[PDB]
Each structure stands twice: as structure tokens, then as C-alpha cells.
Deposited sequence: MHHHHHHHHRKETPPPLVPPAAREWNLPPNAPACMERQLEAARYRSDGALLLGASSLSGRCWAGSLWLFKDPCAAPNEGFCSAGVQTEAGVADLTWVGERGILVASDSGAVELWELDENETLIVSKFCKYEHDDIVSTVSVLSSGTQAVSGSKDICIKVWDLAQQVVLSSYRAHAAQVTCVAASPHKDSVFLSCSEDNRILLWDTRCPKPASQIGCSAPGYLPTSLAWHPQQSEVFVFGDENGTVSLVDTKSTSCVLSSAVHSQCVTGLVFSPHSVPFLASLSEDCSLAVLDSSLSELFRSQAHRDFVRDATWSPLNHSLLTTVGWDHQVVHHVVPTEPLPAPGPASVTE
């Protein structure tokens, strides 16, 4: 832990306020990644003032917290990795590393119970994992192209969404003999985000820069960005806001009717992840491939 990879891929906050950072080396001699923890969010991305850090064998495509000390990682090596903090939270030790996908694991999401997770990879395969037994519970091949994003249901542990380059948006329910249910022709979906206060509502952004509002019991949309929508994160407020990320190097915050409230062009490269501050809800942190960690004051 001395050189941090320039392409910052993910940024997530936890309960107390520590900042999780996942970077990848997308160019140069070595192509790998790293995991970092910043109890001082203002100190990021400087490595000399961090709480912990570890080097991974390959790049980091997508990660997410598993409670308060667990780190689930989707690696370019085709393996789903789990890293856990020690009792002192000074080291980041690898819990397990299972190579089950045959290509880059592109997306990963923890289910509601926190004991299981769903992983989407470029191998057109979606797998359900048991973090306790470190084994793959199920392996589904429902799509016909690269799995772009998978998002677990925030409260139903058997439900999760998935979108692939086959222009399919599938709603899953492992309680049924056929868990996948297609949702309704446009451009390919690229990001999925459930509504934090409505069980039957989610939003998705396409490769053309259009965020749409979808009701599960089958439509509102708006042209937010000029390129592919990378991520969609809801704010933790009572009436949550919608932060949208894109390859146009811009950040936008939408309201309930998908109207543009805040616009940020601070990043010079792609904007990858965005996380809201649990301590100050009006603060929103974003990272990108320009090695920047900007803290936005959302009005």
C-alpha cells in the first residue's frame, strides 16, 4: 500500500462515516487494483493519511459493503472476493476468493439479509452466493449478452434486478420456479437503482443518457446526460433525491419528477461511483478516473 491506482472505481460510505475506496490500474505496466479505508473523508485520495489499505491481484470492477467490516469485490480475474477488517480496523485481510465466473465480474450487490449476494459478470451468468459457506447457491444464465448491472432488492431478500446488453431488464424472484421476469425496446440499460421508500419502484439509466422511472406493476423519463449513465444513487432523505452519473464527466441530482436540481462538472474524466454522507445528508461524495474525490454541497 504505497501507490494507489489512478482509476478510482467505487466510493461507499458506511454507518459511522468511514469512506471505502476501490481503484483499478486501467493502464501501464501492471493492471491490478486496491482497497482503501478513509475514516477522514477529506483526506482521500491521499495514501499517506488513510486508515487502511491492501493491494489486490487484479482490477476492481464493482464492490459494496457487507455490514460494517466486510468488503465484497468483483475482480477482473473472474472471482468474487470478500475482504474483512480486523478487530482494530488497521488491516484488510482477504476472507475468501472463489473463481466461479469465466470472465470479468462486472457487478455485485448484497441482498437484504446481508448473508447472501448476487454477482453479475461478462460471462452472461448471474450467480447467487452464500457468504457464510463461501459457495455459489445458484447460477442463472437468463441473459444473452454481458451482464451490465445487478441490484438486490433493499428489503426482499429473494428479489433483485438485472440488466444486460441484450436490452433486457429482468426482475428476479427466487421463490418462483422461473425467477426471471422481463420488464418492458429502447437503448441498452446501464444502471439500476431501487427506490429506498417504495418497494415496487426503481429507476434505470440507458446508454443514451436517459434516466427513467418505472413502476413494477406495469412511465416517466428525462434526458439527464449526454452519454451513457453510469450510476444511480438515492439520497438518504425522507423524500430521496436521485444522483446520476455518466461518461460525460458530469454529476446531476434529480428530484421526485426527475427534474435537474444540481449540476456538477468538477470531474475531468469519467464519474464512476457516488455515495451520500450518513452524517450530513446534504453532502455527496463522487470519485472518477481522474483520481479526484469531490465533496458536493447539495442545496
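Trainee: Since the structure holds only modelled residues, which stretches of the deposited sequence does it leave out?
Mentor: Sequence ranges with no C-alpha atoms are 1 to 31, 216 to 218, 253 to 255, 337 to 350.
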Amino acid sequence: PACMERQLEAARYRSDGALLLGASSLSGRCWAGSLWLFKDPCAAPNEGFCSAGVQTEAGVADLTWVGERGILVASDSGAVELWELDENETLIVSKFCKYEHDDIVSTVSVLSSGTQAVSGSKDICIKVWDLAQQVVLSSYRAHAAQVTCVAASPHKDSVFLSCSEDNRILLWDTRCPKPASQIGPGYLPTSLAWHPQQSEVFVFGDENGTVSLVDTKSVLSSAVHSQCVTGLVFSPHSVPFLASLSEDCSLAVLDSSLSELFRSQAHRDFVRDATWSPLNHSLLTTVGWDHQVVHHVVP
From here on, numbers count along this sequence of modelled residues.
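Trainee: I need to verify one thing: averaged over C-alpha atoms only, is the B-factor higher for 67 to 75 or for 139 to 147?
Mentor: Comparing 67 to 75 with 139 to 147, the higher average CA B-factor belongs to 67 to 75.
Trainee: Identify the stretch, either 207 to 215 or 88 to 96, whose C-alpha atoms have the larger mean B-factor according to the entry.
Mentor: Averaging CA B-factors over each stretch, the winner is 88 to 96.
Trainee: Checking the record values for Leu232, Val271, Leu258, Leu26, which has the greatest CA B factor?
Mentor: The listed residue with the largest C-alpha B-factor is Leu258.
Trainee: Between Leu37, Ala61, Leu245, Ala266, which one tops the list for C-alpha B-factor in the PDB entry?
Mentor: Most elevated C-alpha B-factor of the set, per the entry: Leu37.
Trainee: Please place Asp157 in the lowest, middle or highest third of its chain according to the CA B-factor in the PDB entry.
Mentor: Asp157: CA B-factor falls in the middle third of its chain.
Trainee: Is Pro189 in the lowest, middle or highest third of its chain when residues are ranked by C-alpha B-factor?
Mentor: Lowest third, going by the recorded CA B-factors of the chain.
Trainee: Grab the CA temperature factor for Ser226 from the record and place it in the lowest, middle or highest third of its chain.
Mentor: Middle third of the chain for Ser226's C-alpha B-factor.
Trainee: Is the Cα B-factor recorded for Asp290 in the lowest, middle or highest third of its chain?
Mentor: Within its chain, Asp290 is a lowest-third residue by C-alpha B-factor, going by the deposited values.
Trainee: By the recorded C-alpha temperature factor, relative to the other modelled residues in its chain, which third is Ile126 in?
Mentor: Lowest third, going by the recorded CA B-factors of the chain.
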